[PDB]
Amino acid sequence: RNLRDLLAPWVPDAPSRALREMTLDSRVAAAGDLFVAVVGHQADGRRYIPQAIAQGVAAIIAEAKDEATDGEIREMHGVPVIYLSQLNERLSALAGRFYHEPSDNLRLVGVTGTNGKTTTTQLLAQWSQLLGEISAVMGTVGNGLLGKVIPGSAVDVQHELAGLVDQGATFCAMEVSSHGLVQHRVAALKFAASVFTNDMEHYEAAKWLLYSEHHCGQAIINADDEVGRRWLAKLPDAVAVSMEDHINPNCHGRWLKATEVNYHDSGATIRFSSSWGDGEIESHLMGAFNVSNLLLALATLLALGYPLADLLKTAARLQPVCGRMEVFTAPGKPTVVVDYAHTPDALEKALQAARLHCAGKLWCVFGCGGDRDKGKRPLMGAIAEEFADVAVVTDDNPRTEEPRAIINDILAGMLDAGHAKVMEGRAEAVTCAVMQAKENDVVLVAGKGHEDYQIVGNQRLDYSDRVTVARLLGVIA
């Protein structure tokens, strides 16, 4: 890494100078580093140029705004200081060149949207890897190769992506936040594909301008979303994806539509037609939204050139995100779903998702955390009463608060608290549901998802919903 090579596209006559790491933070700036001095939230990194110099940085690139001309080369204590105009906008491209253009050395798929980003990213990484990629995710859970995910600026994005290139990643599914796109955090990334999951004039105008600046590659758009359709009208090469009959086939563009979905006790049977051919997928995922997420990942990988027959042969091995509508079924036992839903909206969505798969009674086993906001307790009670047939109210991380007090606040939210079943011991309430429910019933166990712990008092006790359920059903969590 060399200041002269680094700046070649922008500053012809930049001093030659070996560089170690690139950092925006004056405090961790070490001997040989490149320090980047940026202006942002009431924060001027140009203040910290003396400190960085004192710490032995090889060179500095700074905002030119009010200080200097674009490409102005100065020299402070023998340290090259180079000024660039609009450094915030150029930070992605600068870090990209520093880290050897990692998005040009793997297939990067970007996923944007309010919901389903995590599941769609996770499904793209899994499906690509089933077809022989070494696949990685960057998102909210964290970053890493699949199954090795470790819990942020334009530089960190490029750095992390370069790190996955070094670990052998050939594919990466990245969640792109609305706030990341506006902040220019992914401005220089070469996306193979951009997936969209789900005052309007400005909003659209803002985003359209940003999108037109990015390398988006293949555009894959949920046509079941109202905004998705308007954007598809403007994008003739974009793939339209639907499970609610919103493919306008007059366009002669690429498309993928679920024709029939059967929601059964262990997943979803998805019949679909596409411009690539027709197929049947056995999904082990639960709910309508996960059908959508799966069809977006399928359309994306078809658009990138993965053969339909290979995607089909491998679809059955796609897994849920741990503790996200995760199904446990055993020969002749009730279906059980572990979901991490711990808010009224999440609890309602998970019960609506679970009802689609339930021929009999829908059981909801849940509780609310102690020494937290009490506002959600009666709202979650009311949702369990409405969208479940049986509400089993139990403990969920009661901490120092009287456990039965939390239950009382949940029951108060209901029209008919006496219809609720109350059972303390979380483990005992889960047992009560699983052991009483019929073979064609569904037991939603909400609140913890992947948490392997029940905080009672100051104690973090070893407890898993997934393990309690797996053991009751006679299966392995």
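Just so we're on the same page, rigid core means the largest C-alpha set that superposes within 1.5 Å between forms. In this text, residue numbers run from 1 along the sequence as written.
In terms of root mean square C-alpha deviation after superposing on the rigid core in 7 other deposited structures of this protein, the stretch standing farther out between 58-66 and 447-455 is 447-455. Here the rigid core sets the fit, and in 7 other deposited structures of this protein the C-alphas of 82-90 stray farther than those of the other stretch, out of 82-90 and 213-221.
In this entry, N198 is separated from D199 by 10 or more residues of the deposited sequence that have no coordinates. The entry shows a gap from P151 to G152, with 4 to 9 unmodelled residues of the deposited sequence in between. Checked against the record, the higher mean CA B factor of 47-55 and 442-450 lies with 47-55. According to the PDB record, 67-75 carries the higher mean C-alpha B-factor of the two stretches 87-95 and 67-75. Taking only the listed residues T269, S128, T300, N250, the entry reports the highest CA temperature factor at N250. Reading the B-factor column for the CA atoms of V36, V422, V39, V434 in the entry, the top value corresponds to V39. The PDB entry assigns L6 a C-alpha temperature factor belonging to the lowest third of its chain's modelled residues. In the PDB entry, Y203 places in the highest third of its chain by CA B-factor.
In the deposited entry, the Cα temperature factor of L295 places it in the lowest third of its chain's modelled residues.
Split the chain's modelled residues into thirds by C-alpha temperature factor. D409 is in the middle one. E175: CA B factor in the lowest third of modelled residues in this chain (values from the PDB entry).
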